[PDB]
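**Student:** After the structure tokens below, expect a handful of questions from me.
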Amino acid sequence: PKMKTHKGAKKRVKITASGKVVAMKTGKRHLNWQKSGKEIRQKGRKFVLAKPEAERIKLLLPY
Amino acid sequence: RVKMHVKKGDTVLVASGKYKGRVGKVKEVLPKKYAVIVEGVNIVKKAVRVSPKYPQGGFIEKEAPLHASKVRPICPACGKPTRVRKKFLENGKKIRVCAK
Amino acid sequence: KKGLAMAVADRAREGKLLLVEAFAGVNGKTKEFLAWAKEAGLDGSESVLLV
RNA sequence: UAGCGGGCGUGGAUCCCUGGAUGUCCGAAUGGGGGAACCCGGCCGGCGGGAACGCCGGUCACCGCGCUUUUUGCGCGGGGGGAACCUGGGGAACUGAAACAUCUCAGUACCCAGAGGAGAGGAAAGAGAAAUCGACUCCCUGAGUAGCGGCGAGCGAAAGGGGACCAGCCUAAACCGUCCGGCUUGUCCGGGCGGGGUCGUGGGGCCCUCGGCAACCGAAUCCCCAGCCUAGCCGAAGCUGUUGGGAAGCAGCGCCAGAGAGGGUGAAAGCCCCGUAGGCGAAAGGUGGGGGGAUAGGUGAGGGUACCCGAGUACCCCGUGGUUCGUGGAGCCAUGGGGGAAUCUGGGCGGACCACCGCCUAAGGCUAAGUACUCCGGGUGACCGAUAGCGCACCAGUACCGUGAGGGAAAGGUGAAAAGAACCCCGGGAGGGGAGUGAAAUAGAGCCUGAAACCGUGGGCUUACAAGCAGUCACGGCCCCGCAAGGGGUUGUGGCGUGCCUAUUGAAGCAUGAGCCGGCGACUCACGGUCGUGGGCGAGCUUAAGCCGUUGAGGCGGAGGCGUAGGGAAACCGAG
Ligand SMILES: [Mg+2]
Ligand SMILES: [Mg+2]
Ligand SMILES: [Mg+2]
Ligand SMILES: [Mg+2]
Ligand SMILES: [Mg+2]
Ligand SMILES: [Mg+2]
Ligand SMILES: [Mg+2]
Ligand SMILES: [Mg+2]
Ligand SMILES: [Mg+2]
Ligand SMILES: [Mg+2]
Ligand SMILES: [Mg+2]
Ligand SMILES: [Mg+2]
Ligand SMILES: [Mg+2]
Ligand SMILES: [Mg+2]
Ligand SMILES: [Mg+2]
Ligand SMILES: [Mg+2]
Ligand SMILES: [Mg+2]
Ligand SMILES: [Mg+2]
Ligand SMILES: [Mg+2]
Ligand SMILES: [Mg+2]
Ligand SMILES: [Mg+2]
Ligand SMILES: [Mg+2]
Ligand SMILES: [Mg+2]
Ligand SMILES: [Mg+2]
Ligand SMILES: [Mg+2]
Ligand SMILES: [Mg+2]
Ligand SMILES: [Mg+2]
Ligand SMILES: [Mg+2]
Ligand SMILES: [Mg+2]
Ligand SMILES: [Mg+2]
Ligand SMILES: [Mg+2]
Ligand SMILES: [Mg+2]
Ligand SMILES: [Mg+2]
Ligand SMILES: [Mg+2]
Ligand SMILES: [Mg+2]
Ligand SMILES: [Mg+2]
Ligand SMILES: [Mg+2]
Ligand SMILES: [Mg+2]
Ligand SMILES: [Mg+2]
Ligand SMILES: [Mg+2]
Ligand SMILES: [Mg+2]
Ligand SMILES: [Mg+2]
Ligand SMILES: [Mg+2]
Ligand SMILES: [Mg+2]
Ligand SMILES: [Mg+2]
Ligand SMILES: [Mg+2]
Ligand SMILES: [Mg+2]
Ligand SMILES: [Mg+2]
Ligand SMILES: [Mg+2]
Ligand SMILES: [Mg+2]
Ligand SMILES: [Mg+2]
Ligand SMILES: [Mg+2]
Ligand SMILES: [Mg+2]
Ligand SMILES: [Mg+2]
Ligand SMILES: [Mg+2]
Ligand SMILES: [Mg+2]
Ligand SMILES: [Mg+2]
Ligand SMILES: [Mg+2]
Ligand SMILES: [Mg+2]
Ligand SMILES: [Mg+2]
Ligand SMILES: [Mg+2]
Ligand SMILES: [Mg+2]
Ligand SMILES: [Mg+2]
Ligand SMILES: [Mg+2]
Ligand SMILES: [Mg+2]
Ligand SMILES: [Mg+2]
Ligand SMILES: [Mg+2]
Ligand SMILES: [Mg+2]
Ligand SMILES: [Mg+2]
Ligand SMILES: [Mg+2]
Ligand SMILES: [Mg+2]
Ligand SMILES: [Mg+2]
Ligand SMILES: [Mg+2]
Ligand SMILES: [Mg+2]
Ligand SMILES: [Mg+2]
Ligand SMILES: [Mg+2]
Ligand SMILES: [Mg+2]
Ligand SMILES: [Mg+2]
Ligand SMILES: [Mg+2]
Ligand SMILES: [Mg+2]
Ligand SMILES: [Mg+2]
Ligand SMILES: [Mg+2]
Ligand SMILES: [Mg+2]
Ligand SMILES: [Mg+2]
Ligand SMILES: [Mg+2]
Ligand SMILES: [Mg+2]
Ligand SMILES: [Mg+2]
Ligand SMILES: [Mg+2]
Ligand SMILES: [Mg+2]
Ligand SMILES: [Mg+2]
Ligand SMILES: [Mg+2]
Ligand SMILES: [Mg+2]
Ligand SMILES: [Mg+2]
Ligand SMILES: [Mg+2]
Ligand SMILES: [Mg+2]
Ligand SMILES: [Mg+2]
Ligand SMILES: [Mg+2]
Ligand SMILES: [Mg+2]
Ligand SMILES: [Mg+2]
Ligand SMILES: [Mg+2]
Ligand SMILES: [Mg+2]
Ligand SMILES: [Mg+2]
Ligand SMILES: [Mg+2]
Ligand SMILES: [Mg+2]
Ligand SMILES: [Mg+2]
Ligand SMILES: [Mg+2]
Ligand SMILES: [Mg+2]
Ligand SMILES: [Mg+2]
Ligand SMILES: [Mg+2]
Ligand SMILES: [Mg+2]
Ligand SMILES: [Mg+2]
Ligand SMILES: [Mg+2]
Ligand SMILES: [Mg+2]
Ligand SMILES: [Mg+2]
Ligand SMILES: [Mg+2]
Ligand SMILES: [Mg+2]
Ligand SMILES: [Mg+2]
Ligand SMILES: [Mg+2]
Ligand SMILES: [Mg+2]
Ligand SMILES: [Mg+2]
Ligand SMILES: [Mg+2]
Ligand SMILES: [Mg+2]
Ligand SMILES: [Mg+2]
Ligand SMILES: [Mg+2]
Ligand SMILES: [Mg+2]
Ligand SMILES: [Mg+2]
Ligand SMILES: [Mg+2]
Ligand SMILES: [Mg+2]
Ligand SMILES: [Mg+2]
Ligand SMILES: [Mg+2]
Ligand SMILES: [Mg+2]
Ligand SMILES: [Mg+2]
Ligand SMILES: [Mg+2]
Ligand SMILES: [Mg+2]
Ligand SMILES: [Mg+2]
Ligand SMILES: [Mg+2]
Ligand SMILES: [Mg+2]
Ligand SMILES: [Mg+2]
Ligand SMILES: [Mg+2]
Ligand SMILES: [Mg+2]
Ligand SMILES: [Mg+2]
Ligand SMILES: [Mg+2]
Ligand SMILES: [Mg+2]
Ligand SMILES: [Mg+2]
Ligand SMILES: [Mg+2]
Ligand SMILES: [Mg+2]
Ligand SMILES: [Mg+2]
Ligand SMILES: [Mg+2]
Ligand SMILES: [Mg+2]
Ligand SMILES: [Mg+2]
Ligand SMILES: [Mg+2]
Ligand SMILES: [Mg+2]
Ligand SMILES: [Mg+2]
Ligand SMILES: [Mg+2]
Ligand SMILES: [Mg+2]
Ligand SMILES: [Mg+2]
Ligand SMILES: [Mg+2]
Ligand SMILES: [Mg+2]
Ligand SMILES: [Mg+2]
Ligand SMILES: [Mg+2]
Ligand SMILES: [Mg+2]
Ligand SMILES: [Mg+2]
Ligand SMILES: [Mg+2]
Ligand SMILES: [Mg+2]
Ligand SMILES: [Mg+2]
Ligand SMILES: [Mg+2]
Ligand SMILES: [Mg+2]
Ligand SMILES: [Mg+2]
Ligand SMILES: [Mg+2]
Ligand SMILES: [Mg+2]
Ligand SMILES: [Mg+2]
Ligand SMILES: [Mg+2]
Ligand SMILES: [Mg+2]
Ligand SMILES: [Mg+2]
Ligand SMILES: [Mg+2]
Ligand SMILES: [Mg+2]
Ligand SMILES: [Mg+2]
Ligand SMILES: [Mg+2]
Ligand SMILES: [Mg+2]
Ligand SMILES: [Mg+2]
Ligand SMILES: [Mg+2]
Ligand SMILES: [Mg+2]
Ligand SMILES: [Mg+2]
Ligand SMILES: [Mg+2]
Ligand SMILES: [Mg+2]
Ligand SMILES: [Mg+2]
Ligand SMILES: [Mg+2]
Ligand SMILES: [Mg+2]
Ligand SMILES: [Mg+2]
Ligand SMILES: [Mg+2]
Ligand SMILES: [Mg+2]
Ligand SMILES: [Mg+2]
Ligand SMILES: [Mg+2]
Ligand SMILES: [Mg+2]
Ligand SMILES: [Mg+2]
Ligand SMILES: [Mg+2]
Ligand SMILES: [Mg+2]
Ligand SMILES: [Mg+2]
Ligand SMILES: [Mg+2]
Ligand SMILES: [Mg+2]
Ligand SMILES: [Mg+2]
Ligand SMILES: [Mg+2]
Ligand SMILES: [Mg+2]
Ligand SMILES: [Mg+2]
Ligand SMILES: [Mg+2]
Ligand SMILES: [Mg+2]
Ligand SMILES: [Mg+2]
Ligand SMILES: [Mg+2]
Ligand SMILES: [Mg+2]
Ligand SMILES: [Mg+2]
Ligand SMILES: [Mg+2]
Ligand SMILES: [Mg+2]
Ligand SMILES: [Mg+2]
Ligand SMILES: [Mg+2]
Ligand SMILES: [Mg+2]
Ligand SMILES: [Mg+2]
Ligand SMILES: [Mg+2]
Ligand SMILES: [Mg+2]
């Protein structure tokens, strides 16, 4: 009775204006040590998912 | 209580079925069963003796009570609905045309 | 709203609508109203919604 | 509830409503005992000759409170039950986390105590950002937001806004009078009673100046009334024919309608009966602020003084609970342990802490309404119709089962009317056959309709040299319906032929399930999503609770929600 929004998702995914769904690239908080400078710059951006991306949206909706 | 209904021990007409038209004084009215007894609906009870005692009990064509709604009162004319009218002292039912 | 209009409207196009006023047969009495409807084309042949 | 056998009623019974009377015994059970419904007493009085015995009437439990000169007593109260609802004290686990321990289920189940027609809560030591709101409760919304969370599963507020309802009060303390007790005579020590006082524009006490008040408020307390409740009463309009076992059907003409709701009457009735619409009614009891009256209460302004303003409390620390808050930066509310103030230049709060700016007055209590429930009464169903519907339509919480707690069925139908089959016949009876009733007895009494499995009697076809999922195709014979070209039943021979379901790579399978028949039996609903689809409207669309209206009628209600701007963690900026 009245769906609860999944907070785990809300806390780490943003649903874009057109429908797409973005989030940060994985592995970047401690994996490094000297990993290429190119690595961490590209791990700095965010991206779009696809099929889970559509699974994702369902976990929100009021959101 | 409330059982009160059309007529009592007095003259009445049977608009029933078998004895339609027939007329006679009601000799008995039983409110519990909601039924009256006149002089029609006589029935052959070939039964031997009624009560345990006595010799022959008779096949008496005793009058079978009729549904109280199968009989209608009657007064100086034909059978007519009742219409309760009260005088200056108390109350006495007047028929639709004449009185009582 | 539309429905209420379209109903009244549908009923108006059929020509079975009828505004009145001259209820000479006031004071609650069936036989009287019968007279009024008589002299009004409501012969009781058709179902009437009297608003 | 009929039968035998007796009575009553218009000097108005039965019956219905109100009040009263009597009410053995057990049961909170209350003189005492006790294995509830039984046993045994004290005291006062009565009855029988009545001392011994017995009966009868009255009285005698316990606890709390107030008196009582203490004693002994007197008075008021308590005790137990209640379908669900309510508050409080205690308080699980399965389960979810696809294991599990934090967490979840859940402060749920349940145990206990208590309250009442409700209970709880309730007149800010509040909320929290507006220098704003102004008791409490309940609905909508805010909001699945803020936030909580092995940041897992999952949990999940408040302010504000729209509504229902609407109410506010009493004390403690200073201070004055009185009574009792006390000492070391003081506006003194304690205690009871009365006056005084009651709050955040801080109030009150005590002093000085002015009404030395008529007035004005006014009950939640009383009293009267309306009204409603517990029986009731009046209430319009139809006759002829006709078929029928039976008219209410059919046919002709007619009427009533503030009544054409419904039930009954042998079938289908506005006008036959009870009713319906619309009206009327209480000696008695209950209810009764809706209206009216009364009382209890209650209220002004400066100036002065620093008398009072609820203590093992505030406050801090330790251990915890509550909240959205799981130790988190963790306040706030609550409190088991320890330390331990002040009386308004006093204290608490606005999320560690400090300053500033504000809010509020703790440590005493009471308060109606709006809200919850349904044992009970009424009304209504796109609710069931006897394997359904409450477990129970019926003599059911029964029969029966269990030591017990506890479990717990089945069982409705003659007919309009009993008219329930006299009498005769066979029979010990049962049961039949005549007769008789009825429209019908194939309605005959567990009796409406009476399906299937299952059992049997009669008849047609068929079968004792034949190997079978039982059938199917063909032909032929016998029998039967239309004299007739056709079709039905049956089966002799010949061709062909590995049940049904389930589960499986694969089943006739020696894998699963089914004796057979009948009935019961399984993808629902609520809320929230997503897509499609049928419509309304359109840069707009839509209301929610609720209110007005109805009594199957709708309308009002924009609080709020979605959309018209995105990007960013954010500050912020913006078609970027
Ligand atoms: Mg919802
Ligand atoms: Mg979540
Ligand atoms: Mg990281
Ligand atoms: Mg780090
Ligand atoms: Mg390293
Ligand atoms: Mg590499
Ligand atoms: Mg970088
Ligand atoms: Mg009478
Ligand atoms: Mg006849
Ligand atoms: Mg009138
Ligand atoms: Mg009239
Ligand atoms: Mg009329
Ligand atoms: Mg009797
Ligand atoms: Mg009799
Ligand atoms: Mg007599
Ligand atoms: Mg007399
Ligand atoms: Mg009388
Ligand atoms: Mg009484
Ligand atoms: Mg009585
Ligand atoms: Mg009595
Ligand atoms: Mg007696
Ligand atoms: Mg006892
Ligand atoms: Mg007693
Ligand atoms: Mg005993
Ligand atoms: Mg004695
Ligand atoms: Mg003697
Ligand atoms: Mg004596
Ligand atoms: Mg005695
Ligand atoms: Mg005694
Ligand atoms: Mg005692
Ligand atoms: Mg005690
Ligand atoms: Mg005492
Ligand atoms: Mg005392
Ligand atoms: Mg006293
Ligand atoms: Mg004494
Ligand atoms: Mg003493
Ligand atoms: Mg005493
Ligand atoms: Mg008493
Ligand atoms: Mg009960
Ligand atoms: Mg509780
Ligand atoms: Mg567990
Ligand atoms: Mg769950
Ligand atoms: Mg588990
Ligand atoms: Mg699991
Ligand atoms: Mg396990
Ligand atoms: Mg646990
Ligand atoms: Mg909990
Ligand atoms: Mg609780
Ligand atoms: Mg707890
Ligand atoms: Mg617990
Ligand atoms: Mg107790
Ligand atoms: Mg109780
Ligand atoms: Mg109570
Ligand atoms: Mg009460
Ligand atoms: Mg209350
Ligand atoms: Mg109420
Ligand atoms: Mg209360
Ligand atoms: Mg509450
Ligand atoms: Mg209270
Ligand atoms: Mg600010
Ligand atoms: Mg302002
Ligand atoms: Mg406000
Ligand atoms: Mg205030
Ligand atoms: Mg509230
Ligand atoms: Mg409610
Ligand atoms: Mg509401
Ligand atoms: Mg996190
Ligand atoms: Mg997990
Ligand atoms: Mg919880
Ligand atoms: Mg609000
Ligand atoms: Mg509000
Ligand atoms: Mg309401
Ligand atoms: Mg209301
Ligand atoms: Mg003394
Ligand atoms: Mg002394
Ligand atoms: Mg003292
Ligand atoms: Mg003193
Ligand atoms: Mg003193
Ligand atoms: Mg004193
Ligand atoms: Mg006073
Ligand atoms: Mg004053
Ligand atoms: Mg002063
Ligand atoms: Mg009041
Ligand atoms: Mg009454
Ligand atoms: Mg009544
Ligand atoms: Mg009248
Ligand atoms: Mg009448
Ligand atoms: Mg005539
Ligand atoms: Mg007729
Ligand atoms: Mg006919
Ligand atoms: Mg006719
Ligand atoms: Mg004529
Ligand atoms: Mg009928
Ligand atoms: Mg008809
Ligand atoms: Mg019909
Ligand atoms: Mg017909
Ligand atoms: Mg009728
Ligand atoms: Mg009139
Ligand atoms: Mg009336
Ligand atoms: Mg009436
Ligand atoms: Mg009246
Ligand atoms: Mg009366
Ligand atoms: Mg009265
Ligand atoms: Mg009177
Ligand atoms: Mg009286
Ligand atoms: Mg009285
Ligand atoms: Mg009463
Ligand atoms: Mg009452
Ligand atoms: Mg009362
Ligand atoms: Mg008045
Ligand atoms: Mg007064
Ligand atoms: Mg002053
Ligand atoms: Mg001084
Ligand atoms: Mg102290
Ligand atoms: Mg003190
Ligand atoms: Mg204390
Ligand atoms: Mg410690
Ligand atoms: Mg603490
Ligand atoms: Mg905590
Ligand atoms: Mg933790
Ligand atoms: Mg917790
Ligand atoms: Mg944390
Ligand atoms: Mg810290
Ligand atoms: Mg703080
Ligand atoms: Mg403590
Ligand atoms: Mg201090
Ligand atoms: Mg201050
Ligand atoms: Mg200060
Ligand atoms: Mg505090
Ligand atoms: Mg504090
Ligand atoms: Mg605050
Ligand atoms: Mg700290
Ligand atoms: Mg505050
Ligand atoms: Mg106190
Ligand atoms: Mg209340
Ligand atoms: Mg209330
Ligand atoms: Mg309600
Ligand atoms: Mg009820
Ligand atoms: Mg009821
Ligand atoms: Mg009912
Ligand atoms: Mg039905
Ligand atoms: Mg049955
Ligand atoms: Mg039940
Ligand atoms: Mg049952
Ligand atoms: Mg019953
Ligand atoms: Mg029952
Ligand atoms: Mg019995
Ligand atoms: Mg029973
Ligand atoms: Mg059963
Ligand atoms: Mg009968
Ligand atoms: Mg007969
Ligand atoms: Mg019989
Ligand atoms: Mg016979
Ligand atoms: Mg014979
Ligand atoms: Mg014989
Ligand atoms: Mg024998
Ligand atoms: Mg015989
Ligand atoms: Mg015969
Ligand atoms: Mg038959
Ligand atoms: Mg036959
Ligand atoms: Mg019988
Ligand atoms: Mg029987
Ligand atoms: Mg039988
Ligand atoms: Mg049969
Ligand atoms: Mg049979
Ligand atoms: Mg059969
Ligand atoms: Mg057979
Ligand atoms: Mg046969
Ligand atoms: Mg045969
Ligand atoms: Mg044949
Ligand atoms: Mg051979
Ligand atoms: Mg085969
Ligand atoms: Mg052939
Ligand atoms: Mg042939
Ligand atoms: Mg031949
Ligand atoms: Mg032949
Ligand atoms: Mg053939
Ligand atoms: Mg064959
Ligand atoms: Mg063959
Ligand atoms: Mg074969
Ligand atoms: Mg296998
Ligand atoms: Mg094998
Ligand atoms: Mg086999
Ligand atoms: Mg096997
Ligand atoms: Mg198996
Ligand atoms: Mg098998
Ligand atoms: Mg199977
Ligand atoms: Mg079977
Ligand atoms: Mg088997
Ligand atoms: Mg068997
Ligand atoms: Mg079966
Ligand atoms: Mg069933
Ligand atoms: Mg089904
Ligand atoms: Mg489904
Ligand atoms: Mg829906
Ligand atoms: Mg849906
Ligand atoms: Mg569309
Ligand atoms: Mg369209
Ligand atoms: Mg559209
Ligand atoms: Mg436009
Ligand atoms: Mg809403
Ligand atoms: Mg209103
Ligand atoms: Mg209304
Ligand atoms: Mg209404
Ligand atoms: Mg309505
Ligand atoms: Mg009306
Ligand atoms: Mg209607
Ligand atoms: Mg409505
Ligand atoms: Mg309107
Ligand atoms: Mg608006
Ligand atoms: Mg809007
Ligand atoms: Mg607007
Ligand atoms: Mg407004
Ligand atoms: Mg929403
Ligand atoms: Mg858009
Ligand atoms: Mg953002
Ligand atoms: Mg910028
Ligand atoms: Mg541009």
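**Student:** Among the residues of the stretch B:71-90, count how many are in contact (Cβ under 8 Å) with a residue 40 or more places away in the chain and among the basic types (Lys, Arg).
**Tutor:** Selection size over the stretch B:71-90: 1.
**Student:** Next up: Tell me yes or no: at least one residue of the stretch B:84-91 is of a type in the set (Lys, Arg) and loosely packed, with under 10 Cβ neighbours inside 10 Å.
**Tutor:** Yes, there is a match, as at least one residue in the stretch B:84-91 is of a type in the set (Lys, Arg) and loosely packed, with under 10 Cβ neighbours inside 10 Å.
**Student:** Quick one: which of B:54, B:19, B:34 is among the aromatic types (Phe, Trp, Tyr) and loosely packed, with under 10 Cβ neighbours inside 10 Å? So that I can check it myself, show each step before the final result.
**Tutor:** Details: B:19 fails: loosely packed, with under 10 Cβ neighbours inside 10 Å; B:34 fails: loosely packed, with under 10 Cβ neighbours inside 10 Å.
One residue alone meets the criteria, B:54.
All Cβ positions, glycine included, derive from the backbone under ideal geometry; neighbour counts span all protein chains shown. Every number here is computed from the coordinates shown, using simple stated rules; none is lab data.
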